[PDB]
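**Student:** Quick one: the structure is below, questions incoming.
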Amino acid sequence: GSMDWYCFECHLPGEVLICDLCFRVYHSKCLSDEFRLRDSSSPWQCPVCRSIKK
Ligand SMILES: [Zn+2]
Ligand SMILES: [Zn+2]
């Protein structure tokens, strides 16, 4: 998941990424491009959900 807005003070967009399995909210700018990439087919897994055992 995600939410995006446009800040009228700096005239740049902002985004948070929301894990589809644990619902944690990441600054999109805190994540590398590999861990931001989403496909229109499967849920976005955050760094913890991607990395944790079973
Ligand atoms: Zn701003
Ligand atoms: Zn997660």
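For the structure tokens, the naming scheme is as follows: chains receive sequential letters (A, B, ...) according to their order of presentation, residues are indexed from 1 within each chain, and ligands are indexed from 1 in presentation order.
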Quick one: residues within 6 Å of residue 28 of chain A, only C-alpha atoms, excluding same-chain residues fewer than 6 positions away - as a VMD selection string?
**Tutor:** chain A and resid 15 to 17
**Student:** Next, dump the selected residues to file, keeping only N, CA and C atoms, as a PDB file, in the first residue's frame.
**Tutor:**
```pdb
ATOM      1  N   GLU A  15       5.575  10.547  -0.258  1.00  0.00           N
ATOM      2  CA  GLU A  15       4.963   9.234  -0.271  1.00  0.00           C
ATOM      3  C   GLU A  15       5.387   8.481   0.984  1.00  0.00           C
ATOM      4  N   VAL A  16       4.436   7.729   1.514  1.00  0.00           N
ATOM      5  CA  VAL A  16       4.731   6.657   2.444  1.00  0.00           C
ATOM      6  C   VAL A  16       4.365   5.325   1.820  1.00  0.00           C
ATOM      7  N   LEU A  17       5.134   4.295   2.210  1.00  0.00           N
ATOM      8  CA  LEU A  17       4.852   2.948   1.781  1.00  0.00           C
ATOM      9  C   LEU A  17       4.345   2.230   3.027  1.00  0.00           C
TER      10      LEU A  17
END
```
**Student:** Write down as a VMD selection string the residues of segment 1-47 of chain A whose backbone DSSP state falls under strand (DSSP E).
**Tutor:** chain A and resid 2 to 7 12 to 18 25 to 27
**Student:** Wanna dump the chain A-ligand 2 contacts at 12 Å for me, each residue with its shortest atom pair and the distance in Å to one decimal, counting only C-alpha atoms and all ligand atoms, ordered by chain and number, as a Markdown table?
**Tutor:**
```
| residue | atom | partner | partner_atom_place_in_ligand_line | distance |
| --- | --- | --- | --- | --- |
| A:1 | CA | ligand 2 | 1 (Zn) | 10.8 |
| A:17 | CA | ligand 2 | 1 (Zn) | 10.3 |
| A:18 | CA | ligand 2 | 1 (Zn) | 8.0 |
| A:19 | CA | ligand 2 | 1 (Zn) | 4.6 |
| A:20 | CA | ligand 2 | 1 (Zn) | 6.6 |
| A:21 | CA | ligand 2 | 1 (Zn) | 5.1 |
| A:22 | CA | ligand 2 | 1 (Zn) | 4.2 |
| A:23 | CA | ligand 2 | 1 (Zn) | 6.2 |
| A:24 | CA | ligand 2 | 1 (Zn) | 6.0 |
| A:25 | CA | ligand 2 | 1 (Zn) | 8.9 |
| A:26 | CA | ligand 2 | 1 (Zn) | 9.9 |
| A:35 | CA | ligand 2 | 1 (Zn) | 11.5 |
| A:43 | CA | ligand 2 | 1 (Zn) | 10.2 |
| A:44 | CA | ligand 2 | 1 (Zn) | 8.2 |
| A:45 | CA | ligand 2 | 1 (Zn) | 5.4 |
| A:46 | CA | ligand 2 | 1 (Zn) | 4.2 |
| A:47 | CA | ligand 2 | 1 (Zn) | 6.6 |
| A:48 | CA | ligand 2 | 1 (Zn) | 5.5 |
| A:49 | CA | ligand 2 | 1 (Zn) | 4.2 |
| A:50 | CA | ligand 2 | 1 (Zn) | 7.3 |
| A:51 | CA | ligand 2 | 1 (Zn) | 9.4 |
| A:52 | CA | ligand 2 | 1 (Zn) | 9.4 |
```
**Student:** Could you please extract the residues within 8 Å of ligand 1, counting only C-alpha atoms and all ligand atoms, and hand them back as a count of residues only?
**Tutor:** 9
**Student:** Report as a list in words: the residues of chain A with a DSSP assignment of helix (DSSP H, G or I), based on the backbone of this structure.
**Tutor:**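 Answer for chain A restricted to helix (DSSP H, G or I) is residues 28, 29, 30, 33, 34, 35, 36, 47, 48, 49, 50 and 51 of chain A.
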